[PDB]
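Presented below is the structure to which this report refers.
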Amino acid sequence: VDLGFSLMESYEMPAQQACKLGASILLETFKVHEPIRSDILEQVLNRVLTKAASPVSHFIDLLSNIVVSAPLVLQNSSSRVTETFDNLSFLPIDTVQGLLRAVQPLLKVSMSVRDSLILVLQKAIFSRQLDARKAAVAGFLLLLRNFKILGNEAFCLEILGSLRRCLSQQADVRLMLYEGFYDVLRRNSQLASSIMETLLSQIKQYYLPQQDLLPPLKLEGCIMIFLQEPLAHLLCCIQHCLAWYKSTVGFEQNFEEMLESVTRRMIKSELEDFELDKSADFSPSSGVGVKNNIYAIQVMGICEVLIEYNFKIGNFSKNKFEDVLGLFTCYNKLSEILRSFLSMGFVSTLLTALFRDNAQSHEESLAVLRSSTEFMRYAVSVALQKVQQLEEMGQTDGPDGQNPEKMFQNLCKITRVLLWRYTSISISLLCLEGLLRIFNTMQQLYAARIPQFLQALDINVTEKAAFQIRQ
Amino acid sequence: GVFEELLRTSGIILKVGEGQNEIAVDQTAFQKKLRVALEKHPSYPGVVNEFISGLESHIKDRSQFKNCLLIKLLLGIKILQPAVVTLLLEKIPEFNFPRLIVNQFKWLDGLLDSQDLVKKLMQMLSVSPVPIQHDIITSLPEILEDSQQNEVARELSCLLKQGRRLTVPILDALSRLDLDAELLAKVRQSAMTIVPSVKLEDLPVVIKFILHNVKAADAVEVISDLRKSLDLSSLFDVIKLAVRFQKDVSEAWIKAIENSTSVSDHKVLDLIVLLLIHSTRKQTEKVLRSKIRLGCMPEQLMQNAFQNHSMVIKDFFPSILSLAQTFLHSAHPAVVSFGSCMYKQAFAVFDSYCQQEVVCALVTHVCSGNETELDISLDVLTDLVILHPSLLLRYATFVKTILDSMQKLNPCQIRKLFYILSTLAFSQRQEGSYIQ
């Protein structure tokens, strides 16, 4: 055990091999030495909360691995978890989510730990510094999603009100909390009604309800210099919330009416309506210019979200696709002056619709979209950008963007369309770049899943691989 | 009365005297019931000010105010928002009486006129005495909305420039609250300047404040300043906590001693911090060994440092043992002399367990190794029995056991060994019968 512990400090690539070798030894000696469980638990717990000098994520992974094996082991060695909780918001590097997910079995069974953690969260939320506040709200989301509210309904209402008090905060916290709202929305039911009411209250401030005036969005309110209102993420979250509400089946009447009004105004809109019209209107490193850049990137995001929504509801209608083409023309006109908020499933469905969308039921609905080559270029470009994000980072933005199974299925779907487009016979070289990125990314990340993928595009891996090389 | 009838009409009943408020068990239930009832009551627009007079009746009764100790729910009405502020401003100078009012107002419901509240708080603190001013300063970060933090920071800096007694709580509040980067340099300079003039009671808090916020390169130069300013002073826990939570501070300290202390002699606190850093990469130990080999840190001052600084020796044991082990094998006369004097001082540690551990370590060193190590071990033992034989008699069993296992050595070593046994036995003849 002494050697196994010392290897962790020695490692601080063969170093990764040594660290994995220490983790394996500690896991094995915990699995074997039945009487020595408490000593190992105390040692690793003390080492975890010693000092946040460097990243200790592998220690947290070891903590999860050791505690998941023996559930009752944590209960015996309790009352030290609270001491670690007392100073969790000092050097959070995203390890707090892993620690909370690891020690959640301790929290659900014991009420004293829940009370102490709620006290720490109450201390964090009222703190006046952003650095602690971000970790506090991030852990708070995990706390909310951990406990089911199906039948503590009053407790759920009170804690949700406490969360809703946090809406007046900095830009980063507002940006991050919407994903947690979507997760807890999918987890629970009455929380859906309450949080949908809260979102309607939030968006009613900015909606500007009227008719016959250009620029429906009151973007000028959130000028500053620094941004504090990510409107595009807000509209994306609201779109997904309404989609889930319709799927799982009045504020919804107000939501759909407002979205219909804003898209109808948007198609009958031009750059003259916006502050930034054309030609010389902004420049970098200038106050008015850096202001206008924020409006530009924001309204590009809003255009992306409305294209997604209109394609979603517009079930095979020529007028809806014409409107979508209008939004695309506005988006491209603004883009020429100078990430993306699309989802994996939407992008896969769009690519399958555009390429190999052979169906007599279509009344040339896809024919209108297929006319614009820029639309096809943008459609492949977003897929390339998202695949690059998956390669560089662990997971991509958007809903359901961290479940590995959904990502693997979407990649398997996209690869077929790209191969078919290239083989059918610029556009093609972009597809080749995409295919190269898929193959490298799947080699690097999904090691064990290699055979099933080779089954998807159609046993011995070599035969299918040689078939693709022959292709 | 109008207010008394309105209170009992809906929401929460106002029990006269010591009775608790008769309302539902919920914080929002009062806001839903009493506020809605008051809004229904507000059909007469001109009576609300009269109701404010009725509210003054609730302010008139001291027993009613004591029963109020709710107050926050009643004060939450948007229409009567300035009335509560005016009542608080009137009752402030009238008179831990204001502590409850500050706690109720601190982290309370927000208002668009926070600038007016800040100005009123500053005006009250201008005339308020020391403890009320300190309480108001502590409640300030909760009261402040953080949008106007810059002006509050400038006002706090100006007050810190003058108020001698308010430096500690103001600095603590500023450290707790966020601040702009431009004002950070001014805050650091102001805190560093008052270090030689700072009071003893608030010294560790101020030291934590200067050492916690700044994590830049220029603080290394400030460390050089703290090489001089901190030495002028001549709990100790806050420094340890800051160093434990800040390795960059450790690196800054190491670089500061490496660049500056080489041509400015040294100090007792420098050696103590070196020991603390070594206890907590361990490059500082190697740097100190190199400095001692060069001829820095004379042991003559080290003896006085160990004698005077009893808490550091009593703070934690194994630093002295590690230092003695490191200096025992030194190839220079200064290093071995330093180790010998270090063990001689460590034997004076009051801890009986630590004392016997040090004696056991000395016996272990004498047990094997280089002959020079055995010679110096016997030399320090004869120095010890010359100093005090009674203290060594307590652990005489280990010494006798070690002497019994003397397999071989030079005749001088055997002479010295039987000399120490004979001296210990005969000098302790009252209880030395078991050794003879």
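To be explicit about the labels: the chains of the structure tokens are called A, B, and onward in the order shown, and within each one the residues are counted from 1, while ligands get numbers from 1 in the order they are shown.
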At most 7 Å to chain A: residues in chain B, only C-alpha atoms, as a list in words: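 Going by the stated atoms only, the list reads residues 177, 178, 244, 245 and 247 of chain B.
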Surrounding residues of residue 48 (chain A) excluding itself and chain neighbours under 2 positions, 12 Å, only C-alpha atoms, as a short mmCIF file (atom, residue, chain, number, x, y, z; two decimals) with N, CA, C and O atoms, in the first residue's frame:
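New file result.cif:
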```cif
data_model
loop_
_atom_site.label_atom_id
_atom_site.label_comp_id
_atom_site.auth_asym_id
_atom_site.auth_seq_id
_atom_site.Cartn_x
_atom_site.Cartn_y
_atom_site.Cartn_z
N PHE A 5 0.61 4.05 -2.94
CA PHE A 5 0.36 5.47 -2.69
C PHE A 5 1.50 6.33 -3.23
O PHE A 5 1.26 7.35 -3.88
N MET A 8 1.64 7.49 -6.92
CA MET A 8 0.82 8.62 -7.34
C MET A 8 1.61 9.92 -7.27
O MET A 8 1.59 10.73 -8.21
N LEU A 41 -9.71 3.75 2.99
CA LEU A 41 -10.68 4.82 2.79
C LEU A 41 -10.22 6.11 3.46
O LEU A 41 -10.28 7.19 2.86
N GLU A 42 -9.72 6.01 4.70
CA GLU A 42 -9.24 7.20 5.39
C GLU A 42 -8.03 7.80 4.69
O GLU A 42 -7.94 9.03 4.55
N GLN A 43 -7.11 6.96 4.22
CA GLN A 43 -5.90 7.47 3.57
C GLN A 43 -6.24 8.20 2.27
O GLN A 43 -5.77 9.32 2.04
N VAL A 44 -7.07 7.59 1.42
CA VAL A 44 -7.40 8.24 0.16
C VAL A 44 -8.25 9.48 0.39
O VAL A 44 -8.11 10.48 -0.33
N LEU A 45 -9.15 9.46 1.39
CA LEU A 45 -9.95 10.64 1.67
C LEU A 45 -9.09 11.79 2.16
O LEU A 45 -9.29 12.95 1.76
N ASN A 46 -8.12 11.51 3.04
CA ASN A 46 -7.22 12.55 3.51
C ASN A 46 -6.35 13.09 2.38
O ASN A 46 -6.14 14.30 2.27
N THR A 50 -6.11 17.13 0.74
CA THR A 50 -4.91 17.67 1.37
C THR A 50 -4.66 19.11 0.92
O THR A 50 -4.65 20.04 1.74
N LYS A 51 -4.45 19.30 -0.38
CA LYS A 51 -4.20 20.63 -0.92
C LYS A 51 -4.46 20.60 -2.42
O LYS A 51 -4.07 19.65 -3.10
N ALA A 52 -5.12 21.64 -2.92
CA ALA A 52 -5.44 21.74 -4.35
C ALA A 52 -4.32 22.43 -5.13
O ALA A 52 -4.54 23.42 -5.83
N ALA A 53 -3.10 21.90 -5.00
CA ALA A 53 -1.96 22.51 -5.69
C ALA A 53 -2.00 22.22 -7.18
O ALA A 53 -1.63 23.08 -7.99
N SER A 54 -2.42 21.02 -7.57
CA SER A 54 -2.44 20.64 -8.98
C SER A 54 -3.69 19.82 -9.27
O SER A 54 -4.48 19.53 -8.36
N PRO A 55 -3.92 19.43 -10.53
CA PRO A 55 -5.11 18.63 -10.85
C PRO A 55 -5.01 17.23 -10.25
O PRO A 55 -4.01 16.53 -10.45
N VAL A 56 -6.05 16.84 -9.52
CA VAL A 56 -6.12 15.56 -8.82
C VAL A 56 -7.34 14.79 -9.30
O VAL A 56 -7.98 14.07 -8.52
N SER A 57 -7.69 14.94 -10.58
CA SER A 57 -8.88 14.28 -11.11
C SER A 57 -8.75 12.76 -11.05
O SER A 57 -9.75 12.06 -10.82
N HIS A 58 -7.54 12.23 -11.25
CA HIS A 58 -7.36 10.78 -11.17
C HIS A 58 -7.61 10.26 -9.76
O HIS A 58 -8.11 9.14 -9.60
N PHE A 59 -7.30 11.06 -8.74
CA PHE A 59 -7.66 10.67 -7.38
C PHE A 59 -9.17 10.58 -7.23
O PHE A 59 -9.68 9.68 -6.55
N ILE A 60 -9.91 11.49 -7.86
CA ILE A 60 -11.37 11.45 -7.77
C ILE A 60 -11.91 10.24 -8.52
O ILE A 60 -12.90 9.62 -8.10
N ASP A 61 -11.29 9.89 -9.65
CA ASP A 61 -11.69 8.67 -10.36
C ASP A 61 -11.44 7.44 -9.50
O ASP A 61 -12.27 6.53 -9.45
N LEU A 62 -10.31 7.41 -8.80
CA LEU A 62 -10.04 6.32 -7.87
C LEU A 62 -11.07 6.29 -6.75
O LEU A 62 -11.49 5.21 -6.31
N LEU A 63 -11.47 7.46 -6.26
CA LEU A 63 -12.49 7.54 -5.22
C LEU A 63 -13.81 6.95 -5.70
O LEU A 63 -14.47 6.19 -4.98
N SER A 64 -14.22 7.30 -6.93
CA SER A 64 -15.45 6.74 -7.48
C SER A 64 -15.34 5.22 -7.63
O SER A 64 -16.26 4.48 -7.27
N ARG A 80 -16.04 12.59 8.13
CA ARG A 80 -14.92 13.26 7.48
C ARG A 80 -15.32 13.90 6.16
O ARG A 80 -14.63 14.82 5.70
N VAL A 81 -16.40 13.42 5.53
CA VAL A 81 -16.88 14.02 4.29
C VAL A 81 -17.28 15.47 4.52
O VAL A 81 -17.07 16.33 3.65
N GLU A 83 -15.97 17.59 6.63
CA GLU A 83 -14.77 18.42 6.73
C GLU A 83 -14.25 18.78 5.34
O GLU A 83 -13.83 19.92 5.11
N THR A 84 -14.26 17.83 4.41
CA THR A 84 -13.88 18.14 3.04
C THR A 84 -14.88 19.09 2.40
O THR A 84 -14.49 20.00 1.65
N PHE A 85 -16.17 18.91 2.67
CA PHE A 85 -17.20 19.80 2.14
C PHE A 85 -17.02 21.23 2.63
O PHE A 85 -17.41 22.17 1.93
N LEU A 88 -14.78 23.05 -0.10
CA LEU A 88 -14.81 22.55 -1.47
C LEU A 88 -14.66 23.66 -2.49
O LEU A 88 -14.10 23.44 -3.57
N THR A 95 -13.56 19.17 -10.72
CA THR A 95 -13.50 17.97 -9.90
C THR A 95 -14.67 17.86 -8.93
O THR A 95 -14.95 16.76 -8.43
N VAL A 96 -15.34 18.98 -8.63
CA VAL A 96 -16.44 18.95 -7.67
C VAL A 96 -17.59 18.11 -8.19
O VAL A 96 -18.26 17.41 -7.42
N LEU A 99 -16.59 14.50 -7.60
CA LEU A 99 -16.64 14.16 -6.18
C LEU A 99 -18.08 13.99 -5.71
O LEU A 99 -18.40 13.04 -4.99
#
```
Counting only C-alpha atoms, the residue of B:372, B:267, B:311, B:398 that sits nearest residue 357 (chain B): B:398
For residue 406 (chain A), work out the shell of residues within 12 Å, counting only C-alpha atoms and skipping chain neighbours fewer than 4 positions away, then give it as a JSON list (two decimals) with C-alpha atoms, in the first residue's frame.
```json
[["chain", "number", "residue", "atom", "x", "y", "z"],
["A", 343, "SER", "CA", -27.90, 19.47, -32.27],
["A", 344, "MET", "CA", -26.47, 16.10, -33.32],
["A", 345, "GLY", "CA", -29.82, 14.55, -34.17],
["A", 348, "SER", "CA", -27.91, 13.96, -38.90],
["A", 395, "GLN", "CA", -17.84, 15.98, -25.61],
["A", 396, "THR", "CA", -19.64, 18.57, -27.73],
["A", 399, "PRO", "CA", -28.54, 18.51, -25.67],
["A", 400, "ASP", "CA", -27.59, 14.88, -25.05],
["A", 401, "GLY", "CA", -24.01, 15.79, -25.97],
["A", 402, "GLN", "CA", -22.27, 13.61, -23.36],
["A", 410, "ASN", "CA", -24.90, 9.73, -34.63],
["A", 411, "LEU", "CA", -21.36, 9.23, -35.94],
["A", 412, "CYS", "CA", -22.36, 5.89, -37.48],
["A", 413, "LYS", "CA", -25.30, 7.62, -39.15]]
```
Distance of CA of residue 317 (chain B) from CA of residue 397 (chain B), expressed in Å to one decimal place: 22.8 Å
message: I need the residues of region 274-400 of chain B that end up classed as alpha helix (DSSP H) by DSSP on the backbone, written out as a PyMOL selection string.
response: chain B and resi 274-279+283-294+299-308+310-315+318-328+333-346+352-367+371-387+389-394+396-400
task: Determine, counting only C-alpha atoms, which protein, DNA and RNA residues have an atom within 12 Å of an atom of region 129-132 of chain B; residues of the same chain fewer than 3 positions away are not included. Present the result as JSON, numbers by chain.
output: {"B": [92, 93, 95, 96, 97, 98, 99, 100, 101, 102, 121, 124, 125, 126, 135, 136, 137, 138, 139, 163, 164, 165, 166, 167, 168, 169, 170]}
Writing out the chosen residues with C-alpha atoms as an mmCIF file, in the first residue's frame:
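Listing of result-v1.cif after writing:
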```cif
data_model
loop_
_atom_site.group_PDB
_atom_site.id
_atom_site.type_symbol
_atom_site.label_atom_id
_atom_site.label_comp_id
_atom_site.auth_asym_id
_atom_site.auth_seq_id
_atom_site.Cartn_x
_atom_site.Cartn_y
_atom_site.Cartn_z
ATOM 1 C CA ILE B 92 -30.295 54.200 14.123
ATOM 2 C CA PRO B 93 -28.873 57.143 16.138
ATOM 3 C CA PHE B 95 -30.347 53.171 19.563
ATOM 4 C CA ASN B 96 -26.248 44.957 20.259
ATOM 5 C CA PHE B 97 -29.402 46.923 19.446
ATOM 6 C CA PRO B 98 -28.435 47.952 15.868
ATOM 7 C CA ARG B 99 -26.899 44.503 15.265
ATOM 8 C CA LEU B 100 -30.345 42.950 14.784
ATOM 9 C CA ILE B 101 -31.359 45.728 12.382
ATOM 10 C CA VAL B 102 -28.135 45.270 10.403
ATOM 11 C CA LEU B 121 -24.566 54.138 5.701
ATOM 12 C CA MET B 124 -23.957 57.139 9.799
ATOM 13 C CA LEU B 125 -20.504 55.537 9.965
ATOM 14 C CA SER B 126 -18.901 58.995 9.857
ATOM 15 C CA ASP B 135 -20.743 46.103 12.574
ATOM 16 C CA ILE B 136 -21.873 48.346 9.710
ATOM 17 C CA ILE B 137 -18.654 47.597 7.815
ATOM 18 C CA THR B 138 -19.191 43.855 8.280
ATOM 19 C CA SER B 139 -22.796 44.185 7.065
ATOM 20 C CA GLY B 163 -9.044 55.418 10.718
ATOM 21 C CA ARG B 164 -6.451 53.628 12.835
ATOM 22 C CA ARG B 165 -8.903 51.486 14.819
ATOM 23 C CA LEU B 166 -11.008 50.510 11.776
ATOM 24 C CA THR B 167 -8.123 49.147 9.664
ATOM 25 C CA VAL B 168 -8.671 45.499 10.677
ATOM 26 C CA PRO B 169 -12.424 45.106 9.945
ATOM 27 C CA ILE B 170 -12.229 47.272 6.813
#
```
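Here CA of residue 380 (chain B) is placed at a distance of 10.6 Å from CA of residue 347 (chain B).
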- prompt: Hey, can you check how far CA of residue 232 (chain A) sits from CA of residue 298 (chain A)?
  reply: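 Those two atoms sit 6.0 Å apart.
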message: I'd like the contact shell of residue 87 (chain B) - 12 Å cut-off, only C-alpha atoms, skipping same-chain residues fewer than 2 positions apart - returned as a list in words.
response: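 Here the answer would be residues 52, 53, 55, 56, 57, 58, 59, 60, 75, 80, 81, 82, 83, 84, 85, 89, 90, 91, 92, 93, 94 and 101 of chain B.
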Pull N, CA, C and O atoms from the residues just selected and write them as a short mmCIF file (atom, residue, chain, number, x, y, z; two decimals), in the first residue's frame.
```cif
data_model
loop_
_atom_site.label_atom_id
_atom_site.label_comp_id
_atom_site.auth_asym_id
_atom_site.auth_seq_id
_atom_site.Cartn_x
_atom_site.Cartn_y
_atom_site.Cartn_z
N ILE B 52 -49.53 54.24 7.09
CA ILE B 52 -48.14 54.46 7.48
C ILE B 52 -48.09 55.03 8.89
O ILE B 52 -47.27 54.61 9.72
N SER B 53 -48.98 55.97 9.20
CA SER B 53 -49.11 56.45 10.57
C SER B 53 -49.49 55.31 11.50
O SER B 53 -48.94 55.19 12.61
N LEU B 55 -48.63 52.29 10.91
CA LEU B 55 -47.35 51.60 11.02
C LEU B 55 -46.47 52.26 12.07
O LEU B 55 -45.75 51.58 12.82
N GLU B 56 -46.52 53.60 12.15
CA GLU B 56 -45.79 54.31 13.19
C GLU B 56 -46.27 53.89 14.57
O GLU B 56 -45.48 53.85 15.52
N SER B 57 -47.56 53.55 14.69
CA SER B 57 -48.06 53.00 15.95
C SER B 57 -47.34 51.71 16.29
O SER B 57 -46.95 51.49 17.45
N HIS B 58 -47.14 50.84 15.30
CA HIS B 58 -46.33 49.64 15.52
C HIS B 58 -44.90 50.01 15.89
O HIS B 58 -44.26 49.28 16.65
N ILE B 59 -44.40 51.13 15.38
CA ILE B 59 -43.09 51.62 15.79
C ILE B 59 -43.17 52.27 17.17
O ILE B 59 -42.18 52.29 17.91
N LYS B 60 -44.33 52.82 17.54
CA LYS B 60 -44.45 53.50 18.82
C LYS B 60 -44.33 52.52 19.99
O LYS B 60 -43.68 52.83 21.00
N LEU B 75 -42.01 44.70 5.79
CA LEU B 75 -41.16 45.67 5.11
C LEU B 75 -40.99 45.38 3.62
O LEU B 75 -40.46 46.24 2.91
N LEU B 80 -44.58 50.69 0.40
CA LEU B 80 -44.05 51.19 1.66
C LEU B 80 -42.56 50.92 1.84
O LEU B 80 -42.07 50.86 2.98
N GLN B 81 -41.82 50.75 0.74
CA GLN B 81 -40.38 50.51 0.84
C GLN B 81 -39.62 51.66 1.48
O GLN B 81 -38.84 51.41 2.41
N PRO B 82 -39.78 52.92 1.05
CA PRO B 82 -39.06 54.02 1.70
C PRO B 82 -39.43 54.22 3.16
O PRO B 82 -38.63 54.78 3.92
N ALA B 83 -40.63 53.80 3.58
CA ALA B 83 -41.04 53.99 4.97
C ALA B 83 -40.15 53.20 5.93
O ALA B 83 -39.74 53.71 6.98
N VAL B 84 -39.84 51.95 5.58
CA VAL B 84 -38.98 51.13 6.42
C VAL B 84 -37.57 51.73 6.50
O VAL B 84 -36.95 51.75 7.57
N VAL B 85 -37.06 52.22 5.37
CA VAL B 85 -35.73 52.83 5.36
C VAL B 85 -35.71 54.09 6.23
O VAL B 85 -34.75 54.32 6.98
N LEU B 89 -33.47 54.65 9.55
CA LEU B 89 -32.58 55.79 9.66
C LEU B 89 -32.90 56.64 10.88
O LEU B 89 -31.98 57.22 11.48
N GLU B 90 -34.17 56.73 11.25
CA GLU B 90 -34.54 57.49 12.45
C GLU B 90 -34.15 56.74 13.72
O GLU B 90 -33.71 57.35 14.70
N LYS B 91 -34.32 55.42 13.73
CA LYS B 91 -34.03 54.62 14.91
C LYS B 91 -32.55 54.28 15.07
O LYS B 91 -32.16 53.80 16.14
N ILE B 92 -31.73 54.49 14.05
CA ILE B 92 -30.30 54.20 14.12
C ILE B 92 -29.62 55.02 15.22
O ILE B 92 -29.15 54.45 16.21
N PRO B 93 -29.53 56.35 15.09
CA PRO B 93 -28.87 57.14 16.14
C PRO B 93 -29.59 57.10 17.48
O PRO B 93 -28.95 57.33 18.51
N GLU B 94 -30.89 56.82 17.49
CA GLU B 94 -31.60 56.69 18.76
C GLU B 94 -31.11 55.48 19.56
O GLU B 94 -30.99 55.56 20.79
N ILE B 101 -30.90 44.98 13.55
CA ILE B 101 -31.36 45.73 12.38
C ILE B 101 -30.42 45.51 11.21
O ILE B 101 -30.85 45.35 10.06
#
```
